[PDB]
C-alpha cells in the first residue's frame, strides 16, 4: 500500500505537555500535538517546525525524533507515515492560531478521553523516554481495531 509523509510534534516539558484543540470542522474539540502533511520542497523536520509555528506560534532550537507511526483506516487504501518529534526547547509563548488553541496540561492530567485514541497507547512510551515504531488500524476517527508498538533504539 502507498503512503504519504506527515509530522507530529509534542512539546514535552518536565511537568507539563502542550496540546492544541482543533478549532474547525467536524473534528473540532479534539486535543492533540502539532503537525500536518510534509510538503514537496521541505524536509520532514522543516515541515514539523513549520506546522508547530503555524499552529502555536512557537519556534524551537531542537527537535528530537522519538517515533514513527503508520496509520491505516478501514476502507482507505492510502497509509499515513507519521514522523513523531519531541521538544523541550521552545522559544516563546504558545498563542492561538486559526486552526489550533494551545493549552498546557499537567502530566497527571493528560486528556486521553479527548485525544486521538492512539495517544493512549504510545504517549505513555514517550513519557518513559522510550523511542518507538507503531502501527494502528482505525475504524473512522474514534476506534482502534488493531495495533502494534515496538520499542526501538533508533527511529
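The term rigid core refers to the maximal set of C-alpha atoms that superpose within 1.5 Å between the two forms. Numbering follows the first chain given and starts at 1.
Asker: Superpose on the core, then say which of 86 to 94 and 23 to 31 ends up with the larger RMS Cα offset from this form in 4 other deposited structures of this protein.
Answerer: When 23 to 31 and 86 to 94 are compared in 4 other deposited structures of this protein, the bigger C-alpha shift is seen for 23 to 31.
Asker: In 4 other deposited structures of this protein, superposed on the rigid core, which stretch sits farther off in Cα RMS terms, 96 to 104 or 118 to 126?
Answerer: It is 96 to 104 whose C-alphas lie farther from the shown form in 4 other deposited structures of this protein.
Asker: Name the higher of the two by mean Cα B-factor in the PDB entry, 50 to 58 versus 106 to 114.
Answerer: Looking at the recorded C-alpha B-factors, 50 to 58 comes out higher on average.
Asker: Select between 123 to 131 and 33 to 41 the stretch whose C-alpha atoms have the higher average B-factor in the entry.
Answerer: Mean B over CA atoms: larger for 123 to 131.
Asker: Of the three thirds of its chain by CA temperature factor, lowest, middle or highest, which one includes residue 70?
Answerer: As the PDB entry reports it, the C-alpha B-factor of residue 70 lands in the lowest third of its chain.
Asker: Rank-wise, by C-alpha B-factor, drop residue 5 into the lowest, middle or highest third of its chain.
Answerer: Middle third by C-alpha B-factor.
Asker: Where does the C-alpha B-factor of residue 137 rank in its chain, lowest, middle or highest third?
Answerer: Its C-alpha B-factor belongs to the lowest third of this chain's values.
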